[PDB]
2 protein chains.
Amino acid sequence: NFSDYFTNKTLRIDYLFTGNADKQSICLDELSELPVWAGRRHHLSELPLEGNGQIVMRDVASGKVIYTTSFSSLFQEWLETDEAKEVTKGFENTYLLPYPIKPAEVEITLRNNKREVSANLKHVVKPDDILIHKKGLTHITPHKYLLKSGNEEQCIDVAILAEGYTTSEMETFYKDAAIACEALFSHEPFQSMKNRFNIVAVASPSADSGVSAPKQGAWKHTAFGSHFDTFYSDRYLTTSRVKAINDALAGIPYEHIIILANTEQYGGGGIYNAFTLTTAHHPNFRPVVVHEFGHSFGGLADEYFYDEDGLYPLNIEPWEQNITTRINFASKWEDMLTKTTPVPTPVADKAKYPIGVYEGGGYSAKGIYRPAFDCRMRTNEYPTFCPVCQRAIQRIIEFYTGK
Amino acid sequence: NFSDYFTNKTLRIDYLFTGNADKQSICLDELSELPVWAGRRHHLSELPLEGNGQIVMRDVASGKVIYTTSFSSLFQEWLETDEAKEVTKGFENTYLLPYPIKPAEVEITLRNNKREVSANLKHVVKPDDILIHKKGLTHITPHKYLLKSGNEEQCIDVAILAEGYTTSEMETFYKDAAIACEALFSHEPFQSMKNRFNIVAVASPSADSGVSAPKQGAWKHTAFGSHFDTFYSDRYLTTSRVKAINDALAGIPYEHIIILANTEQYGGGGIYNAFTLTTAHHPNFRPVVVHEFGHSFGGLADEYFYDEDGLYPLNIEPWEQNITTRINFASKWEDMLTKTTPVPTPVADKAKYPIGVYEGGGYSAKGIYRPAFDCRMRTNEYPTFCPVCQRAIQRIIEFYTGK
Ligand SMILES: [Cl-]
Ligand SMILES: [Cl-]
Ligand SMILES: [Cl-]
Ligand SMILES: [Cl-]
Ligand SMILES: [Cl-]
Ligand SMILES: [Cl-]
Ligand code: NA
Ligand code: NA
Ligand SMILES: [Zn+2]
Ligand SMILES: [Zn+2]
Ligand SMILES: [Zn+2]
Ligand SMILES: [Zn+2]
């Protein structure tokens, strides 16, 4: 089932997502080959989560689905900003697929907030195409394994990258990476499932120490050009240099990316099957890196909300597992409630019901509900993922490594 | 005046040109600021040449044209390939504009072979936007001036970049750059106009020596990732890493770019107001670098042609100054012919008429005409630019630096 269509190599595909609030398009940027396939070898035609976008690989000769993955993107978030009503922008996006033996047809799809198709691209990949850029053979970024439970075929490979660390600050980076690892494996279900993971710390160098602070006019030369003030949101620390992120990892087996930023300023970002980015020297580093990994690895939604008032239409059940609009609550955590739990669960009864249907979630105070009064996905001070987030993360771990 | 709308800074705009043979689009990639404006300060609302694409900057408050430039692109050439009928691709393109004091509206337009609009983007640039990336203040690439005739405001600044040269091969690079300079200023009108130019050699390092050869499976880590087999044409050496090219030059004043590739293999190209790329160690380096600069700086067309058979429709007068379809020959070099010069000029009379209307030009043996039997824009063996190419180049030099 894996050996019938694939070789133990990776087909890396770089795309450009372009558009504005009115129309979106996808175009191919570049095809590359990586030396090993670090992804799954089972459930090849199934998705663990829908994502905001999907990739389907089909065998050209038979037309059969041979691989599928899903994700979210910085582009799809940008579409929800005021700037997307005024200008057309382009964004880099990279996806890792198993390398096919015979020609394969790749189809990439983007969906809107109504979970409808908003952009699509279908293209044929010929495995002997001379313009498939061979990567990860030489000048592999210095790295060290923090944790090695097994080979890349049996464990989940997580790569931790250095952002804003010069070559002389790498001992601080490796210490920071060890702290992220300790924070992650102190949370269930990661704690009990630690032997399912490989953690590699990748010493990707920056010319400058620290990160770009656009609001203060302090731009720096760094490995991935990360910056605060993403979408003019002060604490939103992201990078749109997705090709540079993946080029730094070429030759190192990886499935998931965590980026550590060498700064004391508060900030971070996390996007499903894209990457996590976080401050390493702010005191809230430990809950923040785990919260962002909840997004990037877990595909979890934010459970916090604001008082003031469109990202989750109330007529649509979200695909995210830890929030509901009560359209299709049976597909969520209804099976985890007691027979007498009130729906919605009044805030006055929070102590009576550790698991409930609490109004407020996915940035809205009304119409969106979360599974517990508090969670790692709602606040930094709360010590754990709620029971529903824990089940959702365990399902992801088991999808990639078995029951 | 220049000072009425601009500051002594550059607004660098990075775009992505995307599409296929059927439809094309433009989207914004990033806005940057460079410390000085090295371009012109006169004829701000005029174009020296039409180009295959145009940029018009307007003051938002008055709607008045405050800056304009024109160009051609690798994307517009890719549109003519078989691949453009099968897939949608994206290309990086960078343009330097003077930095506005007040909000400005930028309009970028691409034209097809019928000289009609094929893609357009209109967007407002607010000079106080915090997300305008400040560049060229630190980590300025090591460089040396080969020629300094005056400051960046009075002279044409030409930058020569190193491709495929490691840090230990920079003495060879500077020798190669001196050879390119010597070849260029041994040709009229450059020779007599040498005091109108600044030439800077920029030692942009490469991890590997040489350039990528996709057909041989020899991929290299180089400054700008130049490679052979572009568009599956074996000897076509190009780079599409336009952001990396401009990032290497941030902080160094430049208007025109020449890239030298550390290889003996034959290859290169020149695209109007994009860049020249050529191999420094092939024996044809001297006439080739000058021929390509004829394209990238001069906007000149190729005067050579093939026997066998759409880039130049025969019912349209080309915008290039050294070829004609005799649709509007009066706008070309008619004023340089003697009253008795036969039109077309028979090949038997080539010695009698140094300037004529010789059939064969712009890749076609029929319907397109060139100004002399031979020229630097037709062959490598011919020693000089024809008198019409010389006048066209002189008009470009005078447009940017005065009569
Ligand atoms: Cl069958
Ligand atoms: Cl929408
Ligand atoms: Cl390794
Ligand atoms: Cl800091
Ligand atoms: Cl239900
Ligand atoms: Cl060579
Ligand atoms: Na793995
Ligand atoms: Na200048
Ligand atoms: Zn969050
Ligand atoms: Zn939760
Ligand atoms: Zn040419
Ligand atoms: Zn000529």
# chains A, B, ... in the order shown; residues from 1 in each chain; ligands from 1
call {"tool": "calpha_fit_rmsd", "arguments": {"fixed": "chain A", "moving": "chain B"}}
result
0.5 Å
call {"tool": "select_by_dssp", "arguments": {"residues": "range 61-293 of chain B", "states": "helix (DSSP H, G or I)", "output": "PyMOL selection string"}}
result
chain B and resi 74-78+82-85+167-184+194-196+214-216+242-249+285-293
call {"tool": "residues_near_ligand", "arguments": {"ligand": "ligand 2", "cutoff": "9 Å", "atoms": "only C-alpha atoms and all ligand atoms", "output": "PyMOL selection string"}}
result
chain A and resi 21+79-80+111-116+118+310-311+313
call {"tool": "residues_near_ligand", "arguments": {"ligand": "ligand 11", "cutoff": "10 Å", "atoms": "only C-alpha atoms and all ligand atoms", "output": "PDB file with N, CA, C and O atoms, in the first residue's frame"}}
result
ATOM      1  N   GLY B 268      23.215  32.541 -20.528  1.00  0.00           N
ATOM      2  CA  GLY B 268      22.825  33.851 -20.028  1.00  0.00           C
ATOM      3  C   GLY B 268      21.652  34.471 -20.759  1.00  0.00           C
ATOM      4  O   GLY B 268      21.067  33.872 -21.660  1.00  0.00           O
ATOM      5  N   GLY B 269      21.314  35.677 -20.353  1.00  0.00           N
ATOM      6  CA  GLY B 269      20.184  36.436 -20.859  1.00  0.00           C
ATOM      7  C   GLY B 269      20.237  37.854 -20.337  1.00  0.00           C
ATOM      8  O   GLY B 269      21.025  38.174 -19.445  1.00  0.00           O
ATOM      9  N   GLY B 270      19.435  38.707 -20.947  1.00  0.00           N
ATOM     10  CA  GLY B 270      19.300  40.114 -20.597  1.00  0.00           C
ATOM     11  C   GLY B 270      17.867  40.505 -20.840  1.00  0.00           C
ATOM     12  O   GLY B 270      17.327  40.256 -21.922  1.00  0.00           O
ATOM     13  N   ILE B 271      17.220  41.069 -19.820  1.00  0.00           N
ATOM     14  CA  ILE B 271      15.822  41.480 -19.936  1.00  0.00           C
ATOM     15  C   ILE B 271      15.736  42.921 -19.468  1.00  0.00           C
ATOM     16  O   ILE B 271      16.274  43.256 -18.407  1.00  0.00           O
ATOM     17  N   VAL B 288      29.249  38.882 -25.329  1.00  0.00           N
ATOM     18  CA  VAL B 288      27.969  38.432 -24.767  1.00  0.00           C
ATOM     19  C   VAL B 288      27.479  39.362 -23.659  1.00  0.00           C
ATOM     20  O   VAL B 288      26.305  39.725 -23.689  1.00  0.00           O
ATOM     21  N   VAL B 289      28.340  39.765 -22.708  1.00  0.00           N
ATOM     22  CA  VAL B 289      27.906  40.635 -21.607  1.00  0.00           C
ATOM     23  C   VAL B 289      27.417  41.991 -22.173  1.00  0.00           C
ATOM     24  O   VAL B 289      26.437  42.545 -21.677  1.00  0.00           O
ATOM     25  N   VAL B 290      28.059  42.481 -23.251  1.00  0.00           N
ATOM     26  CA  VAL B 290      27.709  43.763 -23.879  1.00  0.00           C
ATOM     27  C   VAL B 290      26.367  43.599 -24.636  1.00  0.00           C
ATOM     28  O   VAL B 290      25.499  44.456 -24.508  1.00  0.00           O
ATOM     29  N   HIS B 291      26.189  42.467 -25.364  1.00  0.00           N
ATOM     30  CA  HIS B 291      24.943  42.150 -26.075  1.00  0.00           C
ATOM     31  C   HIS B 291      23.763  42.090 -25.081  1.00  0.00           C
ATOM     32  O   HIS B 291      22.728  42.720 -25.320  1.00  0.00           O
ATOM     33  N   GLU B 292      23.931  41.356 -23.968  1.00  0.00           N
ATOM     34  CA  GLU B 292      22.875  41.234 -22.937  1.00  0.00           C
ATOM     35  C   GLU B 292      22.575  42.582 -22.283  1.00  0.00           C
ATOM     36  O   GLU B 292      21.414  42.871 -22.046  1.00  0.00           O
ATOM     37  N   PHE B 293      23.611  43.422 -22.029  1.00  0.00           N
ATOM     38  CA  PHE B 293      23.409  44.770 -21.463  1.00  0.00           C
ATOM     39  C   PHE B 293      22.647  45.659 -22.481  1.00  0.00           C
ATOM     40  O   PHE B 293      21.895  46.546 -22.070  1.00  0.00           O
ATOM     41  N   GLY B 294      22.813  45.377 -23.789  1.00  0.00           N
ATOM     42  CA  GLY B 294      22.061  46.025 -24.871  1.00  0.00           C
ATOM     43  C   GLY B 294      20.565  45.817 -24.634  1.00  0.00           C
ATOM     44  O   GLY B 294      19.770  46.737 -24.826  1.00  0.00           O
ATOM     45  N   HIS B 295      20.172  44.603 -24.170  1.00  0.00           N
ATOM     46  CA  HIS B 295      18.795  44.307 -23.785  1.00  0.00           C
ATOM     47  C   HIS B 295      18.426  44.957 -22.442  1.00  0.00           C
ATOM     48  O   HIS B 295      17.465  45.725 -22.366  1.00  0.00           O
ATOM     49  N   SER B 296      19.159  44.595 -21.363  1.00  0.00           N
ATOM     50  CA  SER B 296      18.775  44.979 -19.999  1.00  0.00           C
ATOM     51  C   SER B 296      18.849  46.492 -19.732  1.00  0.00           C
ATOM     52  O   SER B 296      17.951  47.029 -19.052  1.00  0.00           O
ATOM     53  N   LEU B 300      17.132  47.184 -26.260  1.00  0.00           N
ATOM     54  CA  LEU B 300      17.297  46.836 -27.665  1.00  0.00           C
ATOM     55  C   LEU B 300      16.785  45.429 -27.950  1.00  0.00           C
ATOM     56  O   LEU B 300      16.835  44.554 -27.088  1.00  0.00           O
ATOM     57  N   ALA B 301      16.290  45.221 -29.167  1.00  0.00           N
ATOM     58  CA  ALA B 301      15.825  43.905 -29.619  1.00  0.00           C
ATOM     59  C   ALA B 301      16.981  43.140 -30.223  1.00  0.00           C
ATOM     60  O   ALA B 301      17.995  43.732 -30.599  1.00  0.00           O
ATOM     61  N   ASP B 302      16.811  41.828 -30.365  1.00  0.00           N
ATOM     62  CA  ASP B 302      17.785  41.006 -31.068  1.00  0.00           C
ATOM     63  C   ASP B 302      17.624  41.270 -32.550  1.00  0.00           C
ATOM     64  O   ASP B 302      16.490  41.419 -33.023  1.00  0.00           O
ATOM     65  N   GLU B 303      18.745  41.387 -33.272  1.00  0.00           N
ATOM     66  CA  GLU B 303      18.724  41.657 -34.704  1.00  0.00           C
ATOM     67  C   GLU B 303      18.968  40.373 -35.506  1.00  0.00           C
ATOM     68  O   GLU B 303      18.897  40.395 -36.739  1.00  0.00           O
ATOM     69  N   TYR B 304      19.233  39.247 -34.819  1.00  0.00           N
ATOM     70  CA  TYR B 304      19.436  37.986 -35.517  1.00  0.00           C
ATOM     71  C   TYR B 304      18.087  37.348 -35.828  1.00  0.00           C
ATOM     72  O   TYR B 304      17.049  37.762 -35.297  1.00  0.00           O
ATOM     73  N   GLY B 362      14.593  40.487 -35.104  1.00  0.00           N
ATOM     74  CA  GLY B 362      13.634  40.060 -34.092  1.00  0.00           C
ATOM     75  C   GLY B 362      13.159  38.633 -34.268  1.00  0.00           C
ATOM     76  O   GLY B 362      11.957  38.365 -34.159  1.00  0.00           O
ATOM     77  N   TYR B 363      14.114  37.721 -34.582  1.00  0.00           N
ATOM     78  CA  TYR B 363      13.989  36.261 -34.779  1.00  0.00           C
ATOM     79  C   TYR B 363      13.377  35.857 -36.127  1.00  0.00           C
ATOM     80  O   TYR B 363      13.508  34.689 -36.498  1.00  0.00           O
ATOM     81  N   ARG B 376      26.405  44.238 -33.012  1.00  0.00           N
ATOM     82  CA  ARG B 376      26.580  43.513 -31.745  1.00  0.00           C
ATOM     83  C   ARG B 376      25.251  42.834 -31.361  1.00  0.00           C
ATOM     84  O   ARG B 376      25.255  41.793 -30.697  1.00  0.00           O
ATOM     85  N   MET B 377      24.105  43.424 -31.776  1.00  0.00           N
ATOM     86  CA  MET B 377      22.785  42.847 -31.438  1.00  0.00           C
ATOM     87  C   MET B 377      22.398  41.709 -32.376  1.00  0.00           C
ATOM     88  O   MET B 377      21.377  41.064 -32.151  1.00  0.00           O
ATOM     89  N   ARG B 378      23.215  41.445 -33.403  1.00  0.00           N
ATOM     90  CA  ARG B 378      22.997  40.340 -34.332  1.00  0.00           C
ATOM     91  C   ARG B 378      24.020  39.187 -34.135  1.00  0.00           C
ATOM     92  O   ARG B 378      23.632  38.021 -34.106  1.00  0.00           O
ATOM     93  N   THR B 379      25.314  39.502 -34.014  1.00  0.00           N
ATOM     94  CA  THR B 379      26.351  38.472 -33.851  1.00  0.00           C
ATOM     95  C   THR B 379      27.376  38.860 -32.778  1.00  0.00           C
ATOM     96  O   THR B 379      27.572  40.044 -32.505  1.00  0.00           O
TER      97      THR B 379
END
call {"tool": "interface_residues", "arguments": {"of": "chain B", "to": "chain A", "cutoff": "7 Å", "atoms": "only C-alpha atoms", "output": "list in words"}}
result
residues 16, 27, 28, 29, 87, 88, 89, 90, 123, 130, 131, 133, 134, 214, 215 and 219 of chain B
call {"tool": "residues_around", "arguments": {"residues": "range 56-69 of chain A", "least_positions_apart": "6", "cutoff": "10 Å", "atoms": "only C-alpha atoms", "output": "short mmCIF file (atom, residue, chain, number, x, y, z; two decimals) with C-alpha atoms, in the first residue's frame"}}
result
data_model
loop_
_atom_site.label_atom_id
_atom_site.label_comp_id
_atom_site.auth_asym_id
_atom_site.auth_seq_id
_atom_site.Cartn_x
_atom_site.Cartn_y
_atom_site.Cartn_z
CA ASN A 1 0.00 0.00 0.00
CA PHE A 2 2.96 2.44 0.56
CA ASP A 4 3.22 0.12 -4.42
CA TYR A 5 3.22 3.85 -5.25
CA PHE A 6 6.03 5.49 -3.33
CA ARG A 40 2.81 8.23 7.70
CA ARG A 41 2.64 4.86 5.86
CA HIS A 42 -1.05 4.06 6.77
CA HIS A 43 -4.48 5.80 6.38
CA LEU A 44 -2.93 7.29 3.20
CA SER A 45 -6.32 8.16 1.63
CA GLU A 46 -7.87 9.50 4.94
CA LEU A 47 -7.71 12.88 6.72
CA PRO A 48 -7.46 13.25 10.56
CA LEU A 49 -9.04 16.79 10.27
CA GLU A 50 -10.58 18.74 7.43
CA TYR A 95 3.60 20.77 1.44
CA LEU A 96 5.40 17.45 1.89
CA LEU A 97 4.10 14.41 0.00
CA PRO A 98 5.60 10.88 -0.41
CA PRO A 100 5.76 8.75 -6.37
CA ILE A 101 7.30 5.95 -8.51
CA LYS A 102 4.99 6.78 -11.47
CA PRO A 103 3.31 10.08 -12.61
CA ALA A 104 0.87 11.44 -10.03
CA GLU A 105 -1.80 14.14 -10.23
CA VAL A 106 -1.83 16.57 -7.31
CA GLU A 107 -4.94 18.57 -6.45
CA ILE A 108 -4.78 21.37 -3.87
CA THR A 109 -8.03 23.01 -2.62
CA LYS A 122 -4.74 20.35 -10.35
CA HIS A 123 -1.29 19.51 -11.84
CA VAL A 124 0.66 16.40 -12.92
CA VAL A 125 3.99 15.54 -11.31
CA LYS A 126 6.33 13.36 -13.41
CA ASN A 273 0.25 21.89 9.50
#
call {"tool": "residues_near_ligand", "arguments": {"ligand": "ligand 12", "cutoff": "7 Å", "atoms": "only C-alpha atoms and all ligand atoms", "output": "mmCIF file with N, CA, C and O atoms, in the first residue's frame"}}
result
data_model
loop_
_atom_site.group_PDB
_atom_site.id
_atom_site.type_symbol
_atom_site.label_atom_id
_atom_site.label_comp_id
_atom_site.auth_asym_id
_atom_site.auth_seq_id
_atom_site.Cartn_x
_atom_site.Cartn_y
_atom_site.Cartn_z
ATOM 1 N N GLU B 303 18.745 41.387 -33.272
ATOM 2 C CA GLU B 303 18.724 41.657 -34.704
ATOM 3 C C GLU B 303 18.968 40.373 -35.506
ATOM 4 O O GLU B 303 18.897 40.395 -36.739
ATOM 5 N N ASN B 322 15.657 49.426 -32.557
ATOM 6 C CA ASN B 322 16.582 48.936 -33.576
ATOM 7 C C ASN B 322 15.946 47.872 -34.491
ATOM 8 O O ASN B 322 16.668 47.205 -35.229
ATOM 9 N N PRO B 371 18.729 47.805 -38.715
ATOM 10 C CA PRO B 371 19.313 49.030 -39.292
ATOM 11 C C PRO B 371 20.628 48.882 -40.054
ATOM 12 O O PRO B 371 21.029 49.817 -40.748
ATOM 13 N N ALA B 372 21.328 47.757 -39.891
ATOM 14 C CA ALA B 372 22.618 47.532 -40.569
ATOM 15 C C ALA B 372 22.730 46.061 -40.886
ATOM 16 O O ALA B 372 21.996 45.266 -40.280
ATOM 17 N N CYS B 375 25.725 43.805 -36.560
ATOM 18 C CA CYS B 375 25.684 44.562 -35.310
ATOM 19 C C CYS B 375 26.001 43.647 -34.156
ATOM 20 O O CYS B 375 25.777 42.440 -34.251
ATOM 21 N N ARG B 376 26.405 44.238 -33.012
ATOM 22 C CA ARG B 376 26.580 43.513 -31.745
ATOM 23 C C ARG B 376 25.251 42.834 -31.361
ATOM 24 O O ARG B 376 25.255 41.793 -30.697
ATOM 25 N N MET B 377 24.105 43.424 -31.776
ATOM 26 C CA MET B 377 22.785 42.847 -31.438
ATOM 27 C C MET B 377 22.398 41.709 -32.376
ATOM 28 O O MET B 377 21.377 41.064 -32.151
ATOM 29 N N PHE B 385 28.212 48.126 -31.921
ATOM 30 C CA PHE B 385 26.777 48.386 -32.081
ATOM 31 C C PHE B 385 26.626 49.125 -33.378
ATOM 32 O O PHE B 385 27.474 49.970 -33.683
ATOM 33 N N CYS B 386 25.566 48.848 -34.142
ATOM 34 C CA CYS B 386 25.302 49.580 -35.379
ATOM 35 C C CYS B 386 25.002 51.072 -35.035
ATOM 36 O O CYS B 386 24.730 51.379 -33.860
ATOM 37 N N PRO B 387 25.067 52.023 -36.005
ATOM 38 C CA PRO B 387 24.823 53.434 -35.661
ATOM 39 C C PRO B 387 23.456 53.714 -35.030
ATOM 40 O O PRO B 387 23.337 54.653 -34.256
ATOM 41 N N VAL B 388 22.442 52.909 -35.348
ATOM 42 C CA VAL B 388 21.108 53.104 -34.796
ATOM 43 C C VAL B 388 21.049 52.631 -33.327
ATOM 44 O O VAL B 388 20.468 53.333 -32.498
ATOM 45 N N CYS B 389 21.709 51.506 -32.995
ATOM 46 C CA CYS B 389 21.793 51.021 -31.615
ATOM 47 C C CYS B 389 22.561 52.049 -30.773
ATOM 48 O O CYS B 389 22.154 52.352 -29.648
#
